[PDB]
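Taking it in order: structure first as structure tokens, then the write-up.
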Amino acid sequence: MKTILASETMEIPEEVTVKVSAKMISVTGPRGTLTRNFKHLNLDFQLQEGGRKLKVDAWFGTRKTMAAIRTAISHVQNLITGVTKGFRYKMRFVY
RNA sequence: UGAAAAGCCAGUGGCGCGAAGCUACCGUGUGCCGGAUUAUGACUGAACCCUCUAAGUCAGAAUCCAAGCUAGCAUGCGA
Ligand SMILES: [K+]
Ligand SMILES: [Mg+2]
Ligand SMILES: [Mg+2]
Ligand SMILES: [Mg+2]
Ligand SMILES: [Mg+2]
Ligand SMILES: [Mg+2]
Ligand SMILES: [Mg+2]
Ligand SMILES: [Mg+2]
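At position 47 of the first sequence the residue is numbered 47 (the entry's author numbering), and the sequence of numbers has no breaks.
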């Protein structure tokens with residue numbers, strides 16, 4: 001069965017400006033800008049604050065669609081920590 | 001064929017060598033660049049910490065499609 005409304009929201013810290021333009025998310029911080037297209041997802045992204053929140057919800061979704069809500073949140077969270085702290089992977093030489 | 005010289009007949013008289021042309025892995029020369037992917041291994045990532053999968057991505061082949069090569073009266077078309 002389809003739930004009427006499944007929603008998940010998240011915080012957006014200051015010094016980071018998030019822009020939503022028809023499922024295109026741009027995140028800008030000290031380290032630069034990051035962009036993710038989400039037009040493949042079928043949800044709606046609403047800032048619902050002074051740019052300090054972001055709520056993503058699906059209407060009449062099945063269990064597969066609501067799985068995308070947490071996926072989208074974590075992807076957008078990745079853009080925030082990418083432009084505030086960056087990412088670093090350490091590889092080791094084994095021989 | 002009177003001899004000699006010069007030939008001719010024996011359906012190519014026979015033998016030796018024989019250019020030209022044709023021709024032999026029996027001789028010589030040449031034979032090919034990009035994209036998408038299979039299998040599989042991975043990235044990120046929920047569902048539900050994890051997870052190559054659900055959404056979204058990567059690498060990938062004597063493979064496929066191109067390119068190249070042959071034709072092109074395709075009742076096609078340009079200058
Ligand atoms: K010859
Ligand atoms: Mg004589
Ligand atoms: Mg006679
Ligand atoms: Mg004889
Ligand atoms: Mg040969
Ligand atoms: Mg994983
Ligand atoms: Mg696969
Ligand atoms: Mg590839």
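The beta-carbon is built from N, C-alpha and C at its ideal position, and this holds for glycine as well.
Alpha-carbon spacing of residue i relative to residue j, whole angstroms
| i | j | result |
| --- | --- | --- |
| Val20 | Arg31 | 19 Å |
| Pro13 | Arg88 | 21 Å |
| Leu79 | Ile4 | 29 Å |
| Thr28 | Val83 | 7 Å |
| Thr33 | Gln48 | 22 Å |
| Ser7 | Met1 | 16 Å |
| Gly86 | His75 | 14 Å |
| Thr35 | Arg63 | 27 Å |
Residues near residue i by beta carbon distance below 6 Å, same chain, minus five either side
| i | result |
| --- | --- |
| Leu43 | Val56 and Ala58 |
| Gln46 | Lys55 |
As assigned by DSSP and simplified to three states, the class of residue i
| i | result |
| --- | --- |
| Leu43 | coil |
| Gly29 | strand |
| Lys64 | helix |
| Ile12 | coil |
| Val20 | strand |
Buried/exposed call for residue i, threshold 16 Cβ in 10 Å
| i | result |
| --- | --- |
| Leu54 | buried |
| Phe38 | buried |
| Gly50 | exposed |
| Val94 | exposed |
| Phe60 | exposed |
7 Å CB neighbourhood of residue i in its chain, flanking five on each side removed
| i | result |
| --- | --- |
| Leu41 | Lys23, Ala68 and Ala72 |
Residues near residue i in its chain [Cβ-Cβ closer than 8 Å; skip 5 each side]
| i | result |
| --- | --- |
| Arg52 | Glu11, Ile12, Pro13 and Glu14 |
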